[PDB]
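Protein chains in written order, with my numbering: chain S, 176 to 256; chain V, 176 to 256; chain B, 6 to 294; chain C, 113 to 407; chain L, 6 to 294; chain R, 113 to 407.
Ideal Cβ positions, reconstructed from N, Cα and C, are used throughout, including at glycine.
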Amino acid sequence: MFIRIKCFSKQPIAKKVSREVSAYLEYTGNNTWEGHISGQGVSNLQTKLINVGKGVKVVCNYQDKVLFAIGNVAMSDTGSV
Amino acid sequence: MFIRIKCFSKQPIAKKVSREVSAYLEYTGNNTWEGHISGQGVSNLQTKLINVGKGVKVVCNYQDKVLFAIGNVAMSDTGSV
Amino acid sequence: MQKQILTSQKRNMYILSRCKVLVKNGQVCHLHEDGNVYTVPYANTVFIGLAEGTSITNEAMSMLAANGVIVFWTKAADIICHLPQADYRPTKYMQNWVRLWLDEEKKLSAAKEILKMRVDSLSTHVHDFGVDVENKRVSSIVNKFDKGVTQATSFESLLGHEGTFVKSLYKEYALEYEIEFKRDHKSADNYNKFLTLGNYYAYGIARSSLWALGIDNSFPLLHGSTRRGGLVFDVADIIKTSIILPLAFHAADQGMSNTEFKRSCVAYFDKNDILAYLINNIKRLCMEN
Amino acid sequence: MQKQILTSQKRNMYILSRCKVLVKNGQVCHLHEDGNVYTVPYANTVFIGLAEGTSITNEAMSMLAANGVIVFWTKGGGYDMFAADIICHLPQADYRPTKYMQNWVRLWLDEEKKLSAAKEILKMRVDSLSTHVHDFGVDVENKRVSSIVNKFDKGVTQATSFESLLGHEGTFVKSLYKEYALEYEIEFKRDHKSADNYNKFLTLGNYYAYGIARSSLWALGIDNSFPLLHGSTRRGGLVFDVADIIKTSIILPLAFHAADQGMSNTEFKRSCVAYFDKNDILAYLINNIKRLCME
Amino acid sequence: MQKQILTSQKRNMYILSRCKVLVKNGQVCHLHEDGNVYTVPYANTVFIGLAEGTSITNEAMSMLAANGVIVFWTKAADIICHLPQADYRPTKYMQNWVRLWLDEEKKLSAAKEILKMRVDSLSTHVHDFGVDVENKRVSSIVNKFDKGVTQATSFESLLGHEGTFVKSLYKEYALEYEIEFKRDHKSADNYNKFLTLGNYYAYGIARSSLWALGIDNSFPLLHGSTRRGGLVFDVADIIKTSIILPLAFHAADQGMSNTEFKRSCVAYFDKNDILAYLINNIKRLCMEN
Amino acid sequence: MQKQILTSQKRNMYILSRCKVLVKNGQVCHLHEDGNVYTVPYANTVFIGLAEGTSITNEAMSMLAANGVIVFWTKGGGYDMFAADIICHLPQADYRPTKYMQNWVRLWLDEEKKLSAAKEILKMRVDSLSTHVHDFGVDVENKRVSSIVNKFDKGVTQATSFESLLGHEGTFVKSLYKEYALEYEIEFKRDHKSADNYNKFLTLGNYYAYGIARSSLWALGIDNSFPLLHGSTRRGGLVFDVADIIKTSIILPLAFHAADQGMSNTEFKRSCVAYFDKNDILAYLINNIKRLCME
DNA sequence: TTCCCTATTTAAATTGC
DNA sequence: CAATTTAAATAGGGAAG
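Next up, the structure:
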């Protein structure tokens, strides 16, 4: 199932997020992991993202709708910074 | 048609491709443009990013597609970098 | 340079609150938070509406109004908009529409054809929930007001007759979505705030359906003593009471914030091509001769 | 800086350039980039115009919509319109149409006084040449100018077909370009595709006169889509009609003097704006449309 | 804690050439000869099928085999695949697999199911254009493969049953999409080098169906002179005739490169869940008892 | 450094530690991190293992698999594997399960031979206790230990059902745990979740016991899911069913005396691989499974 | 691989306009 | 309105074990 992960976090947490999501998705460029995970895989990916702890800045995308988002500062209708 | 631009170019040409694709899409992750658009607008982007000058490196991804890929430094085979 | 992408496939729409709209790096923007500058896609943007504490400068206006992207303002009520004018819009629509529109019988026919389009707005857009397409009450009330605009005795007979439709849909959507709110522009609850902020989606879609194709708005339809604003509310209420009111009652019922509500209406506009519908919907009234 | 333009009887078109317009003490005032705030009058104002660098707010717009004004955005020189609201009878009590297209397209939907309005508007093109004078270039009181005024008066009066009218207009344009060229001791022919300084100053002046058209029609609620001489399929043909009143009269010698003495485009725009504000050209176009309207 | 996705939940894949599958911050990255490291999705990879010039690191092999991504060597007679062994596979499926391999009447049925799963992959993975899936020239070849595999009287009887199917598919794809390339391994072009790094990708989604769900490559479904390579080659031949050779033929007809063919094969295996189909299809024949 | 470990009659299992593997002069060689290059023998080598720090090129892989060497991957020390192709008779011309697989599935599918193989593998558990003697821990030739051995022998020879054999194995492991605990005079009770040093050390030794068991079953190319004592749904029950030969006689004294000293887990790993090499126990498990299969 | 550079690509912020 | 800075910023590298 076609999901997409972008990481907006800071180092060294961003390398940890790269290690967790890079086991599940292939990396495209400037932190937008892209590919296909089944829904239980997204659920356990959410579980290890929770077990990463605080400081995670990840917004997922199932097409246009946000499938999940752990940690945020400002994310309006558009999603720009 | 939800299409998705990801740029990879540089510092100075990235500002011009920002000014000519954020006119047509919306910046979400670090370089990952996305948003709803027309195929006529797709042809217009292909024209104005031919006419941006040499040195751009942009691949569009309408869902799971490689719609236009102008410029390439190194794509690591199957959908990666 | 370019064919300057047509407004009937423009694909973005925005309301901003507490910002400073300007040009940064050739790009019209948001300033929603303190230092959070966003980007507005002017080749897809239908409209930019501006809440309290907001302002747009002239460089954003000049970059914006070059392909048919308006600005109106929030503070139903008195609203001054800004349609693009330096773009010489096509003439045949407004030639034929003044040709009907001087004659009060043909102006009345134009009003009865744009006022029957509440059912068409409920017909080409069907993916709803809760009351869904029909709760055996919304189809009835839109049918009787279709007949009420089918009669159409005079313009001042229907000056505030649509206000009964909007208030009966406010209290018709609330008998199944349990709250007892009423229409107030200063009420702090979620229902009035969402249903007021959705009128500022409807106004933007209507004025950008008039700006690109050619009608300057203030030559009004449904004029009188209460319906103030012009033909825009005669086009905004096409998608208000049929499109934005169910999503507003959804977002006030599920109880999430304003941004994801605006995402829901942005998606509902984008997947159904609603200003595309409003461009060739009033062209069947404008170009018709 | 606030700059004024007369339209009908009172100076009411204040143009704001490079300012932050916001609510000061429950009233609309504008803070310029120099750091000084100035207020705007209210009962003296029906039109209010925002040039480059101008930012207005929403609560200010709410008061401006609450107590009776219409606001518009504008380009360089504060005169060239690009984004505007529209004019009604009164924006608060009853939103009813302004009477100027009532008179004008009542007289246009029948052919005979539409043709009368066409010959009247070529008559005020003649009056634009004969009335408005300059201190340089072609004098409007010589033998050739008075001869072509008499020839055009005859050629406007006897005719009943719009093809003869547009042929007379093209003959006037070519002939007046020839006499203006031999006054500057050169031989020239008009071409939009040529990129010389003389042709491009003519084209920029034509675009700015299109701006004076669109502004003078916005001041009455008449719209840019309603030509009298050019056909109904021509986009913005009324703008090319009302500008042709002035494009042979004031834009032409100003642009020809700017091309002869070799200034740049921006200062030629500034000189055109100074002539437009000093000799109330917009107000004369309002007077022209108002006497063509009520008959 | 960290239950992880199964091999029937892994959709990414890779068939790396001139690479170096090393350890880079815990991620198994296939670093090609250009100087960049393709970070393979190690937990979601079916396999990383190595080609000439590839050196798989030991810790990278540990991270690949622990997450059920069994790396293989491609450069078929001699293609040895290192199946994962520390994470113990399904014991209920593997115990009944030998009971359906030792009994010759049951070995015939297990071989018939494992070779008729190719017919079940040309109808499930329906992402086959050009030669189609119901064009009666490739569908006829799949039906002939199913007819040959339906009897399956011995492992040495229909030992080269997949070879005739692959030859028929490669002949029909060339006769349809204007080509004449035969079944060769050293005919260096854009066609025979497409279905030699595409069949290695078909062994990519086969080494994850025998390292977690299925039993082993030792007990194969086809044994004989032309049946050397293992049961991984009998699990790859289910996906070779439907997702490898049609994608290679489409990339050769469209003038695509080998990298575009690899991306097309990986995306067609991910979208159709071909690795998941192989993992859940090996468990059907093995755990039938 | 490279290590030689006996499988059947020649040192045909090679453990290749930290290096790089590549083709040099048209033959498979390997290059350590100290700068010394070594080639491989080919008639001597049938099995080659790779530990932490190695990488092998594909040309070396194809040349090793081309004429009769099967490669495998493993943890540190070579006595826990994670990646391996599975053994055939000749890996190139033929591909079929081995004759060890053949006789093993014949004894697994025959119920009387199933019970006979269960009795015989407990009899080899007797022979492993009587064979592997250690200077630490209990003595296998005293009264109490050999009395429990005789009780186990009477238990297996007088049993018929599988659950009786499981109960005999249960009282064997609790009895052996009791006398080993009495040897160092601390009371124990077995529980897998006990987070103390003694129980976690015994589970680590058990882990390397299942590793040497898995290396033994892969050395004959027989799979991991055909157990003799545990049920058919036990997760890797055959690995435990060959490992319990070594847990009751080798892993328990080594782990228990080493956790009496309480030294580190990595040095325990090194000493366990050293004892596995010196006692040459992997070949003893090949001898055990060969006398089960050949009967 | 954990780790530390370290060239980079990169923004958005400055900033005339 | 783009005219460019400065970094928020990652694999991409060497070691290492």
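When the beta-carbon positions are compared, residue 107 (chain B) and residue 215 (chain B) stay at least 8 Å from each other. When the Cα atoms are used, residue 178 (chain C) and residue 227 (chain B) turn out to be separated by approximately 20 Å. The shortest CA-to-CA distance from residue 394 (chain R) to any of R:325, R:156, R:305 is the one to R:325. Sequence-distant partners of residue 191 (chain V) (beyond 5 residues in either direction) whose C-beta falls short of 7 Å from its own C-beta, in its chain, are 227. Taking 8 Å as the cut-off, the Cβ atoms of residue 398 (chain R) and residue 228 (chain R) do not count as close.
Taking a Cβ-Cβ cut-off of 8 Å, the neighbours of residue 63 (chain B) in chain C comprise 162, 163, 164, 165, 166, 167, 185, given in sequence order. By the rule that beta-carbons nearer than 8 Å mark a contact, residue 264 (chain L) does not touch chain S.
Secondary structure of residue 87 (chain B) (DSSP, three-state): strand. The beta carbon of residue 295 (chain C) is closer than 6 Å to those of 250 in its chain, skipping five residues each way along the sequence. For residue 52 (chain L), the closest Cβ of chain R is not nearer than 8 Å. Residue 199 (chain L) is a Cβ neighbour of residue 263 (chain L), given a cutoff of 8 Å.
For residue 164 (chain L), same chain residues with a beta-carbon under 8 Å away, outside a window of 5 residues either side, are 227, 228, 229, 230, 231, 232 in chain order.
Here DSSP, grouped into helix, strand and coil, assigns residue 330 (chain R) to helix. In the DSSP annotation of this structure, residue 180 (chain V) is not part of any alpha helix (DSSP H); the continuous beta strand (DSSP E) holding it starts and ends at 177-182.
Under the Cβ distance rule, residue 267 (chain L) counts among the residues neighbouring chain V, one pair being separated by less than 8 Å. With respect to the 8 Å criterion, residue 61 (chain B) and residue 176 (chain C) are not classified as neighbours on the basis of their beta carbons. Nearest Cα to residue 225 (chain L) within the set L:217, L:213, L:218, L:240: L:240. DSSP places residue 29 (chain L) within a strand segment (E or B) once states are collapsed to three. Closer than 8 Å to the CB of residue 249 (chain S) there is at least one CB belonging to chain B.
For residue 54 (chain L), the enclosing beta strand (DSSP E) has its first and last residue at 50-55. For residue 149 (chain C), the enclosing beta strand (DSSP E) has its first and last residue at 149-151.
Look at the beta carbons and you see the segment 91-101 of chain B not touching the segment 48-55 of chain B: under three pairs across the two are nearer than 8 Å.
Residues 130 of the same chain have their beta carbon placed closer than 6 Å to that of residue 165 (chain R), with the five preceding and five following residues left out of the count.
Per DSSP, residue 281 (chain R) is one residue of the alpha helix (DSSP H) stretching across 274-296.
By the criterion of at least three beta-carbon pairs nearer than 8 Å, the segment 116-125 of chain L is not in contact with the segment 363-370 of chain R. If you ignore the 5 residues before and after residue 81 (chain B), its C-beta comes within less than 6 Å of the C-beta of 204, all in its own chain and listed in chain order. Of the residues L:177, L:269, L:15, the one whose Cα lies closest to the Cα of residue 199 (chain S) is L:15. Rounded to whole angstroms, the separation of the alpha carbons of residue 204 (chain V) and residue 206 (chain S) is 7 Å. The shortest C-alpha to C-alpha distance from residue 287 (chain L) to any of L:75, L:120, L:50 is the one to L:120.
For residue 191 (chain V), not one C-beta of chain S is nearer than 8 Å to its own C-beta. For the set C:274, C:396, C:403, C:185, the Cα lying nearest the Cα of residue 358 (chain C) is the one of C:396. For the pair residue 167 (chain B) and residue 242 (chain B), the CB atoms are nearer than the 8 Å cut-off. Taking 8 Å as the upper bound for CB-CB distance, residue 180 (chain S) and residue 233 (chain S) are in contact here, some 6 Å apart. Residues of the segment 333-362 of chain C with a C-beta atom less than 8 Å from some C-beta of chain B are 333, 335, 336, 337, 338, 339, 344, 345, 346, 347, 348, 349, 351, listed in chain order. In this structure, DSSP gives residue 403 (chain C) a helical state, which the three-state scheme calls helix. Within chain V, the C-beta atoms nearer than 9 Å to that of residue 17 (chain B) come from 201, 210, 211, in chain order.
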